[PDB]
Protein chains: 4
Amino acid sequence: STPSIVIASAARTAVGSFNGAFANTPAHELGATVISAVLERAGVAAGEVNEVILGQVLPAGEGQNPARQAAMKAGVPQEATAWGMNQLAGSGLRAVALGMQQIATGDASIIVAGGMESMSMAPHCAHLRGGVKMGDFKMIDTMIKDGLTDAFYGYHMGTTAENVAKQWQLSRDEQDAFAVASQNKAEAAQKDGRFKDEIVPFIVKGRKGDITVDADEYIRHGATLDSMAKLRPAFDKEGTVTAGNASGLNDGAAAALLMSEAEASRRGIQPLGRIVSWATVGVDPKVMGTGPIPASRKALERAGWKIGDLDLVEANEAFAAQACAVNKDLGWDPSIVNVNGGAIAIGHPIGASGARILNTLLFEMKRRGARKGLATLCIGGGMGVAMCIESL
Amino acid sequence: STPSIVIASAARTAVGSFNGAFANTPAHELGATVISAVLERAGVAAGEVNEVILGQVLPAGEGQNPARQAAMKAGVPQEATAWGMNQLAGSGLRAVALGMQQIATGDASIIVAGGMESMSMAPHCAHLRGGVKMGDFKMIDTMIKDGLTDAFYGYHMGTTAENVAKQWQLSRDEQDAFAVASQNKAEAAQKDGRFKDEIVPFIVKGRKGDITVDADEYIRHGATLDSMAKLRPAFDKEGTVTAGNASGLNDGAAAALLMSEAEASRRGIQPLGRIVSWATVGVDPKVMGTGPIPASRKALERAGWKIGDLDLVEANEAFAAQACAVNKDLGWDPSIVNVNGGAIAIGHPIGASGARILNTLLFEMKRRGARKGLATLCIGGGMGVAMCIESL
Amino acid sequence: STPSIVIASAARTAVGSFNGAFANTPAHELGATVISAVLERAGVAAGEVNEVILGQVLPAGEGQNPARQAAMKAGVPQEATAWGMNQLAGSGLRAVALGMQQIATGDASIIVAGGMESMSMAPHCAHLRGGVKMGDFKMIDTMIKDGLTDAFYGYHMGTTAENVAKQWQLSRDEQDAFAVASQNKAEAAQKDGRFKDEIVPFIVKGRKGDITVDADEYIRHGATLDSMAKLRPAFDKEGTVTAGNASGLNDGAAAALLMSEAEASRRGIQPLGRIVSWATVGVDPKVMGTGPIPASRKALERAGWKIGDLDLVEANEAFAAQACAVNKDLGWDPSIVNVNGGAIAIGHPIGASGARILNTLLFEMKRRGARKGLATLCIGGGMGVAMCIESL
Amino acid sequence: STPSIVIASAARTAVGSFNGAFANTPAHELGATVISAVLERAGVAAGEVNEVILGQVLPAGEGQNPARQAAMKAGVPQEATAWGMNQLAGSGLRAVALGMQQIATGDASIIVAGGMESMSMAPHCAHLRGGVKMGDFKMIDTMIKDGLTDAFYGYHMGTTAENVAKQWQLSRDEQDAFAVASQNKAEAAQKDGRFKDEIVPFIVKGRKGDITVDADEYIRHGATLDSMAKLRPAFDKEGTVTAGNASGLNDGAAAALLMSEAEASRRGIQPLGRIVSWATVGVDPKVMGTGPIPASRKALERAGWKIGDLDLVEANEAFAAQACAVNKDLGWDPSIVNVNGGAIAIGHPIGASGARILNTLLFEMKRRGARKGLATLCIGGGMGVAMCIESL
């Protein structure tokens, strides 16, 4: 009689480009559309929700507890609760596991969990309370400081990617091929309509017109190898990691509605999947992109699955270098990984990404009739997170 | 059979005044000292820790995931994990409940949970990406915007307190009396040595000398009713809420180390208590200070306890108005509530407070041999969280 | 033996739109281009310049005495001197008068004088030395604060324009019909090449391509009365002044090479004119747009001239309201006023505008063979300035 | 015959220390007390003033034309005119020459001229119209950027003083000797009452106290060669210039009232002095402190004087190295130079400094009965200004 929790429904916004479609859209407005969507898609009313849990790395200047803001905007009643959390890129996936645990421990029946992020709306800051008697001082980009810079070594996440490139002897040609493939896979899936089911359209309100956004705008159409080859290294001058083989700076939100297996049955819901297991593990910050290796092995151990039992995998592509290292070590068939493309093409709204790649996994598992899936991401500061999903 | 999680050990720093002892100390440095302390106090080595979970409302400018920063500084190995979370004032207590759930679901054996906050070090900010083509703009105090302003009604938490004062007909004289009592209780507890056990001293590293902080600096000695009566209302010009009958802006951290009851017995630890129940519930943001009412009632229901069964209560004092409302409604003997004073005297380091009052409750239950306790806080945006503890 | 000073040569950059052509070009660079221009137009070498005087209203963040930076870039030797001044919109024509005085008093042989302005490059500022212990503070737009806001009445210069409109009972249709006439006059002069002689090209240095600017970008092509009548009142919500019948925010520079009449004759220079008189006078800041009325009448009195003796006038069109009032009062033939259009069309780079209109007058006076001319402008704070010029 | 222009009256505020006495006083409020005081000391009515001309280097944020703001607050009517100018530390003296020229050309009868400066009220700024798309940026100290950094070689003025000390072979013992002796002369003069006449008290409007300032606060009492010699270099790590032998950051205003000699005779005003000549010359920027050398020679040649003729001199001490070198090259008796101390002691309110020293020169010339005086300053960017005075 071990607790069994299902994902009844899921949805994500399109991922916007940096200072692009969602340039002036607070993360909680994206989150509120995603909440509304999961509820509609499951046939569950906002009144029934007990808690909303949203990963978010960059909430500065957005006001008190943006998760509660997103819940309230979506009509979740004042009697429910809401909170935010931060395990960097792991957050939007880890929030799902956190939601599962509220149900498993008997503290809630119905949870909406995911993540949301507006990198565009992240402010610049400075600690000014003591005062600057005289001289210049720095206004810090909170996106770079709080999101992308390692706190122990003082360098960008891209440098950890270089470290991984060096350790696994990953050529600039291998990384570029990977990146072009991600773009081409993503472009094909977009064109074929494979992101329609997962995406809920977002209405960006405007004085001189509302704009509906329902397409992933960061995916480059007709990306060429030559384009990638011409780029300068972004983080080391004799490096291999570029703006082209790294993911970008992006905005979006994504979520899942969770409840027990027996609850879904009473309601007659056909869930998108059952949460079979999850794990999170640390690694050295210097090679943080390696996190998915110990996390995915641990999740699989917990599920009682072999790597070869998986039918589909979403492994987040923060950088080609790390995505390549993860596939090499794990040895899973690359043909079942990121089948509709990855973050290099789609983008990386940090605190939402974990939920974004769960959406992609779940709606692809449904479409192809895949029985077993895994979602995993690397995490700045040296962690990984993984979740195993089975179809009902 | 139902998991049973204990609190093996706890510690807090002293609570620093705004721009006082800890004016330039990042929250994660406070956190690291508390993690070190819980480990030392339980006889558990840092290598044994699976995860650190730290509430924190105001991390802007602090760099990537200050929870991980705190853990690493404390010697928790890279293979462990760490994350932060934000349910505002509820955070440092909610983190404990969340850590108890990691154990209950079999994902972890040993958790360090609590919170940390440096309101002093919170920066000013502005979104500057799209530019400011023309016209003035605000550099926003993130402490006020993200910590203390209601996101729905646009006013400060102190206005919610006013809303509560009016609905419950709480006079200025009653609120001031409650405030002077909190000061006087805290001063007496301090002088008698009652905060020694819970406090771990913090070494503020300087250049012209190191300074050890082990006393709660915000407590006013010899606080007079006359000094309370002379202050002007701080949020409504015909109001009743003042700087004197509200808590303050403060820095500190606090934590507990958690493990199963069976694991404590194996190690021969005498735990500070067993987590018997917890709960979180929403209320209207306009009267957010009333959150402890439904949360405490729900926590008690889940424990199987009557209000009368409690021997000791820590009910956080964000404002005299709400504290007095909570006490009236619940009807618990005020002589068992906040016996060593509350936050009006001690301070309100937002994301650490829930774990700070847990520390106070635990060490006082131990001191006086009390069997059943309850800790509870109000939460901006209209929530409450409560936890029930029993002696072992 | 009265001194007699001539404008040997003159030149201006073209006028840039707010954040357009010259969006990132420092004032002194524009200034340097115009200094080189007047030197080379006169056939005078920069080593022969004694002193450069540049009006400039918004110099903040451009570093030490930008008049010295424009001089020194332009190849004026270190042994010369250089300074800036601020009589607001008066500055650029006042600087010409001040140079005339250096020559009349025996202190200099040869002056370059004019003004420069980059309203684009004006920063935002805040006083921050005390430092801000808590609370939002304002980042002040120095363009609006130091350029456009009355320091006595607190409101914009366009509010002083409403005051003049109401006094003189200037309707919305009379203001719009003057606005459209100014745009049409200017697109005609532009199309006919009448701005070629006065405009010196400016090269905007770039990474992906140098850009040559030699045409006024703020002039609207095909300006209709209907487009003008669609606009909303910009300053008073049931007012008459709009974005269409006021000038805008602009960048540019303008100067003149000044020397004694006898010096020009030595050097074979055929001067654009002789400065016959000038005057500056004050009025009420509330109706500063009336400024040109006493200053133009004082200048004419000093020249021993009657208003009917003028063949050409340049009267700056800060607002259609004040420009209509000045014309109405003085009663000069509107067919000789701003014949190539005015500032509503050309733009209003404040501290340069007085040298800008001086350029347009001198060159058209050469073109049609006019003998007698007058330039005048209003001045925030309640002043006017005027100059009379005669052809040689 | 030649126009003879006299200084009817002069007044100055005491000099304030950075963030001290006048820490939150706008410059124009200081300017207005000196304008009102020049009128009172002369017995001339404010209505009879044609124009106010004020030097000011650092007006960012202060509002439209602070010279006008000064003039209107002083009770000069709206009919008159006002403007500011910037030759950096030459401005306060240059504004006097400019007022002199207004009268010599016949465009005005009565002028108030000087300089004003609030270095304390000078803001931080950044250009943010285009926005900052990503990355950290600098908020610039306008006091440093616009007041004290060379636009050409990018270093502090205290490095151009280091350059004069390597060229003139000036030791660190020679510069300490000049700075002790300056404080001694200044402190002895202050307690002597020799500054009383020239100073006009300023009322700093508080809220819990009006405070009257009539003493130069920056002057240190009992200044020895030891605390001079115990400071480390300020601009070069192996350098000679220190906080002790540089002047400082300061606030203040100063002005003189100008009219013709014949007009002073009509008004029964016994003038402080007649202006006989002035001059401004440029020098290599790298060694700007040499300005006062060519500028005083020229002023002296225009007057038809020999250097031996001077019975008193004010040579501004911006630095000890620049001042010792001007005393070296010109060869005038050091006993008559800065006899009541100088700016190392007194302070250096940039745009007001030239008017400041003109005040001390004039009031001391009257006391001691000296006929021929000279005032001069070095200017950033490489200039000197100087004016020759003769008491009648």
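By convention in this document, chain letters (A, B, ...) are assigned in the order of the sequence lines, proteins followed by strands, and residues within each chain are numbered from 1.
- Of the listed residues (A:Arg302, A:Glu51, A:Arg94), the greatest number of heavy-atom pairs within a distance under 4.5 Å of chain B belongs to A:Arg94.
- Interatomic distance, CG of B:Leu98 versus CE of A:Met85, reported as 9.0 Å (0.5 Å rounding).
- Using modelled atom types and a 3.5 Å distance limit, the side chains of B:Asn86 and A:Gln56 yield no donor-acceptor pair.
- At a threshold of 4.5 Å between non-hydrogen side-chain atoms, the residues A:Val283 and B:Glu79 do not count as touching.
- Inter-residue side-chain proximity for A:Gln64 and B:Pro285 is flagged as unmet; no heavy-atom pair is nearer than 4.5 Å.
- For chain A, no part of B:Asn50 is nearby; none of its heavy atoms comes within less than 4.5 Å.
- Using a 4.5 Å cut-off between heavy atoms, B:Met157 contacts chain A through its side chain alone, with no backbone atom that close.
- Under the 4.5 Å side-chain criterion, counting only non-hydrogen atoms from C-beta, B:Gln101 is in contact with A:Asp107.
- Ranked by heavy-atom pairs under 4.5 Å with chain A, the list B:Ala23, B:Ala80, B:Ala126, B:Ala279 is led by B:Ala126.
- Looking at B:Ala82, only its backbone comes within 4.5 Å of chain A, counting heavy atoms on both sides.
- Heavy-atom pairs under 4.5 Å with chain A were tallied for B:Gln102, B:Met72, B:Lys298; the largest tally goes to B:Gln102.
- When each of B:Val57, B:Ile140, B:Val281 is checked for heavy-atom pairs under 4.5 Å with chain A, B:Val281 comes out on top.
- The shortest side-chain heavy-atom distance between B:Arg129 and A:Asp141 falls under the 4.5 Å cut-off.
- Distance alone, capped at 3.5 Å, places no donor-acceptor pair between the B:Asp146 side chain and the A:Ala60 backbone.
- Interface check for chain B: of the options A:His28, A:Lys145, A:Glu62, the most heavy-atom pairs under 4.5 Å are formed by A:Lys145.
- With a threshold of 4.5 angstrom between heavy atoms, A:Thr149 approaches chain B through N, CA, C or O but not through any side-chain atom.
- Here B:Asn65 is the residue among B:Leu128, B:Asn65, B:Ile379, B:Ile144 with the most heavy-atom pairs under 4.5 Å with chain A.
- By number of non-hydrogen pairs under 4.5 angstrom with chain B, the leading residue of A:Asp150, A:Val385, A:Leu58, A:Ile53 is A:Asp150.
- For the pair A:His127 and B:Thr142, the minimum side-chain heavy-atom distance is 4.5 Å or more.
- Interface residue B:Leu88: only side-chain heavy atoms are found under 4.5 Å from chain A.
- For the set A:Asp284, A:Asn24, A:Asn19, the count of heavy-atom pairs under 4.5 angstrom toward chain B peaks at A:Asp284.
- Chosen from B:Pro294, B:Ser91, B:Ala151, B:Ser277, the residue pairing most often with chain A at heavy-atom distances under 4.5 Å is B:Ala151.
- At a threshold of 4.5 Å between non-hydrogen side-chain atoms, the residues A:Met383 and B:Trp83 do not count as touching.
- Options A:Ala104, A:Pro77, A:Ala122 differ in how many heavy-atom pairs under 4.5 Å they form with chain B, and the most are formed by A:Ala122.
- Side-chain atoms of B:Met139 and A:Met139, non-hydrogen and from C-beta on, do get closer than 4.5 Å to each other.
- Both the backbone and the side chain of B:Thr81 have a heavy atom closer than 4.5 Å to some heavy atom of chain A.
- With values rounded to the nearest 0.5 angstrom, B:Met100 atom CE is found 5.5 Å from A:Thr105 atom OG1.
- By number of non-hydrogen pairs under 4.5 angstrom with chain A, the leading residue of B:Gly130, B:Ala108, B:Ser120 is B:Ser120.
- Taking chain B as the reference chain and counting heavy-atom pairs below 4.5 Å, the highest number among A:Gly61, A:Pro3, A:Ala97, A:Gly382 is found for A:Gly61.
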